[PDB]
Amino acid sequence: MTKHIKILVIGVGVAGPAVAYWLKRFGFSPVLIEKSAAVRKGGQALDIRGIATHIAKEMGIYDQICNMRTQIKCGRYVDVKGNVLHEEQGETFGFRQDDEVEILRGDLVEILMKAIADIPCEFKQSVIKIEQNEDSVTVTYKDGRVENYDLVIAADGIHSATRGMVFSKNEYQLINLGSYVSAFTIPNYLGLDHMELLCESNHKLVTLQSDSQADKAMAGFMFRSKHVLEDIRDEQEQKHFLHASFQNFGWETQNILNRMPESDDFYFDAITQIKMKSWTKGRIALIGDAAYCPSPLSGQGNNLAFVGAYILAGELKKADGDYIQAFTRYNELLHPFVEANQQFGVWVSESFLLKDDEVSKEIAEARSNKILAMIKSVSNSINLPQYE
Ligand SMILES: Cc1cc2nc3c(=O)[nH]c(=O)nc-3n(C[C@H](O)[C@H](O)[C@H](O)COP(=O)(O)OP(=O)(O)OC[C@H]3O[C@@H](n4cnc5c(N)ncnc54)[C@H](O)[C@@H]3O)c2cc1C
């Protein structure tokens with residue numbers, strides 16, 4: 001029966017715990033593994049918008065998520081001289097409305113994990129080899145130990161090890177949107193109070209905010225550049241590149257970068273999308289960022305994770321565990337919605353920053369209203385199946 005189907009879920013992020021929840025709810029018995037020692041605190045702020053809110057509510061975690069929501073009261077577009085060009089309330093500023101809500105990743109994962117306390121999960125575990133035939137998937141762990149599963153569902157992030165292990169270069173594209181993103185936490189030297197400031201130029205923008213930690217501020221950088229690092233993983237090269245890339249930006253960049261060396265949660269990566277004709281191969285399926293990351297410019301990453309988790313578990317349910325039928329349904333039903341939200345992210349990468357002109361209240365406001373409407377449109381551009 002479905003209960004006795006062995007399913008390995010790799011990655012305790014959003015998609016992994018999400019798909020584990022729905023699989024369990026739909027009569028299956030999944031198990032989770034995680035490379036990290038434990039759930040990482042805080043981190044990037046995730047949007048739960050569109051249909052993802054409906055899924056969250058059915059999961060019985062929506063009120064919990066709201067209890068832990070970000071509490072930015074005010075967002076401001078400012079020029080390099082610190083003048084306020086355009087101001088908006090927090091939710092509107094983040095292009096959210098209605099029941100939509102923003103929550104830090106770590107907080108959301110903790111909530112997700114509490115919702116699946118009955119599901120076996122093993123941290124500090126890593127898969128080093130995967131092999132499958134028609135009957136089974138053989139998983140080799142770090143210590144050389146081996147186990148067999150009927151199915152493996154990998155939710156191990158945009159830099160998916162599993163994707164590289166299972167798929168060839170012809171079976172997926174890493175789509176570069178010609179821009180970089182960086183973020184780190186610093187002392188709230190400005191004394192921001194549940195407020196975010198955003199300053200921008202023709203190719204770059206810098207954000208600075210404080211929210212749930214009063215004596216801390218989260219700095220953000222987004223910019224376009226065709227430059228390539230000799231080693232994109234080299235944190236020292238990242239900080240040198242970022243500093244040199246913003247040396248003449250003005251505004252608070254000097255004050256922010258002066259505090260960068262002492263920040264301990266530094267993050268830097270290219271803005272990238274994962275494009276796959278098929279998210280699956282035999283008994284293995286990718287999900288979440290590993291399968292179809294829409295990049296931070298889309299704001300749809302979380303949305304796609306929840307929807308993917310719901311549909312995949314659903315189609316497996318309807319197929320009574322027949323993964324071949326389910327995986328096909330998984331690819332067909334979900335791709336257009338993924339592609340829609342990915343194209344939105346691409347659009348943001350190409351037209352959010354003013355090409356020629358300097359920002360003003362009129363532009364900031366019109367652009368804000370336009371993005372709010374458009375994101376609402378794409379985030380709801382799928383008709384969610386009812387598996388129950
Ligand atoms: C700077 C930034 C800002 C963002 N902003 C937004 C936003 O505003 N709105 C939005 O909707 N989305 C945003 N996103 C995207 C969003 O964070 C993700 O799409 C979402 O968390 C879903 O990710 P996931 O669960 O598929 O994988 P992840 O959240 O990356 O989790 C993967 C998990 O698997 C683990 N793992 C990794 N490799 C392995 C391995 N080999 N073996 C075992 N475990 C492994 C990781 O430690 C992690 O816990 C942003 C992303 C970034 C980087």
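As a basis for the values below, the full set of heavy atoms in this structure was taken, side chains included, without hydrogen atoms, waters or symmetry mates. Position 1 is the first residue of the sequence; numbering continues from there. First listed ligand is number 1; within each ligand, the first listed atom is number 1.
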Need the ligand 1 atom indices (1-based, order shown) with element for anything under 4.0 Å from a heavy-atom of [X].
{"X": "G288", "value": "26 (O)"}
{"X": "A161", "value": "41 (N)"}
{"X": "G299", "value": "9 (N), 10 (C), 11 (O)"}
{"X": "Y267", "value": "1 (C), 53 (C)"}
{"X": "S36", "value": "47 (O)"}
{"X": "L46", "value": "13 (C), 16 (C), 17 (O), 21 (O)"}

Just to be sure I read this right, does ligand 1 sit under 4.0 Å from the backbone of [X], its side chain, both, or neither, counting only heavy atoms?
{"X": "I10", "answer": "side chain"}
{"X": "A45", "answer": "backbone"}
{"X": "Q44", "answer": "side chain"}
{"X": "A155", "answer": "backbone"}
{"X": "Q300", "answer": "backbone"}

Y310 vs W22 aromatic rings, parallel, tilted or perpendicular, using cut-offs 30° and 60°?
-> perpendicular

Using 30° and 60° as the class limits, which term best fits the ring planes of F268 and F223: parallel, tilted or perpendicular?
->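 Answer is tilted, since the angle falls between 30° and 60°.
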
Looking only at protein heavy atoms, which one is nearest to [atom], and what is the separation?
{"atom": "atom 34 (O) of ligand 1", "value": "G11 CA, 3.4 Å"}
{"atom": "atom 27 (O) of ligand 1", "value": "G157 CA, 3.7 Å"}
{"atom": "atom 4 (C) of ligand 1", "value": "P296 CB, 3.9 Å"}
{"atom": "atom 18 (C) of ligand 1", "value": "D289 OD2, 3.2 Å"}
{"atom": "atom 25 (O) of ligand 1", "value": "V14 N, 2.7 Å"}
{"atom": "atom 46 (C) of ligand 1", "value": "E34 OE2, 3.6 Å"}
{"atom": "atom 40 (C) of ligand 1", "value": "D156 CB, 4.0 Å"}
{"atom": "atom 44 (N) of ligand 1", "value": "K35 N, 3.4 Å"}

Please indicate whether any nitrogen or oxygen in [X] is less than 3.5 Å from any nitrogen or oxygen in ligand 1.
{"X": "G16", "result": "no"}
{"X": "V12", "result": "yes"}
{"X": "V181", "result": "no"}
{"X": "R105", "result": "yes"}
{"X": "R49", "result": "no"}

Ring-face cation of [X] near [Y] (centre distance under 6.0 Å, axis angle within 45°):
{"X": "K204", "Y": "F246", "result": "yes"}
{"X": "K239", "Y": "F266", "result": "yes"}
{"X": "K6", "Y": "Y149", "result": "no"}

Residues, nucleotides or ligands: over 12 heavy atoms within 6.0 Å of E362 CD |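 Open: at most 12 neighbouring heavy atoms sit under 6.0 Å from CD of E362.
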
Among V31, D156, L32, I284, the one residue meeting side-chain contact (heavy atoms from CB on, under 4.5 Å) with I10 | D156

Distance only, no hydrogens: is a donor on one side chain within 3.5 Å (strictly under) of an acceptor on the other, for [X] and [Y]?
{"X": "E88", "Y": "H86", "result": "yes"}
{"X": "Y77", "Y": "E200", "result": "no"}
{"X": "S36", "Y": "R40", "result": "yes"}
{"X": "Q125", "Y": "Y141", "result": "no"}

N/O donor-acceptor pair under 3.5 Å between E131 side chain and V137 backbone = no

What distance separates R49 CZ from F95 CZ, expressed to the nearest 0.5 Å?
->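 With rounding to 0.5 Å, CZ (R49) is 8.5 Å from CZ (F95).
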
Taking a hydrophobic cluster as the set of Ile, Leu, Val, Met, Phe, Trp and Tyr residues connected by side-chain heavy atoms closer than 4.5 Å, whether directly or through intermediates, do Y292 and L333 fall within one such cluster?
-> yes

